[PDB]
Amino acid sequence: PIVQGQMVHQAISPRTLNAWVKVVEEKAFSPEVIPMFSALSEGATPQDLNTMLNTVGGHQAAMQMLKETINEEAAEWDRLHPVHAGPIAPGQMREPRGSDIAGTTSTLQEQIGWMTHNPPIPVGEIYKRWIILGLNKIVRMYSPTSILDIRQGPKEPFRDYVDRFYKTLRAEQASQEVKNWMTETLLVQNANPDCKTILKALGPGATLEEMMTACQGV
């Protein structure tokens, strides 16, 4: 990554790599892997991100899907940023193509040149956006359950049922409004009768804290 008043470049540390590898091996494609990745690659260059993606042993199907997603994003970027004709002036620097953002046709010094520019051309955060999108699609695709199937057991504590519910919801393929609707509908809709009657008695304007406090005794 590159950290701050001038910016300074440093390679990815051994324990950032080890951390990422062990996270992939232990948790595979759980939702919380996406923040960890973004946490382990803050300020990183395309070379660092490609380093983290190449160090993945196994899971080659998911890595291929991620490759295809990055291909879509880079192609769209090239569509939105057309090529221009001429040699680059001595003072200036060319604008990054989709292949340069992925670190394929760009050196480390060119990426540092884009990220250190004023105004900055944040190639690392753009490439990070594409990668994180692909990771979203992989996580949502490898989710075994559906939000519609989460139902509270007869003798299951309300806390556990809500845990399962939002656990499944976090990996769902839905926009913000759709998740709002799922929360305001299926949660009370799929609760067990003893607690479901109480939650219906509370009303749709109740907080989760009041719902879990209400069904704590049952």
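Numbering starts at 1 and runs along the sequence shown.
According to the entry, the deposited sequence runs straight from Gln216 to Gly217 with no unmodelled residues in between. Mean C-alpha B-factor is higher over 115-123 than over the other stretch, the pair under comparison being 98-106 and 115-123. Two stretches are in play, 61-69 and 145-153, and the higher mean C-alpha B-factor belongs to 145-153. Of the candidates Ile138, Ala74, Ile132, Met93, the one whose C-alpha carries the top B factor in the deposited record is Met93. Ranked by Cα temperature factor within the chain, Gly43 sits in the middle third according to the deposited record. Remark: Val24 belongs to the lowest third of its chain, ranked by C-alpha B-factor as recorded. Looking at the C-alpha B-factors along this chain, the one for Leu202 belongs to the highest third.
For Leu208, the recorded CA temperature factor ranks within the middle third of the chain's modelled residues. Annotation for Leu17: CA B-factor lies in the lowest third of the chain's modelled residues.
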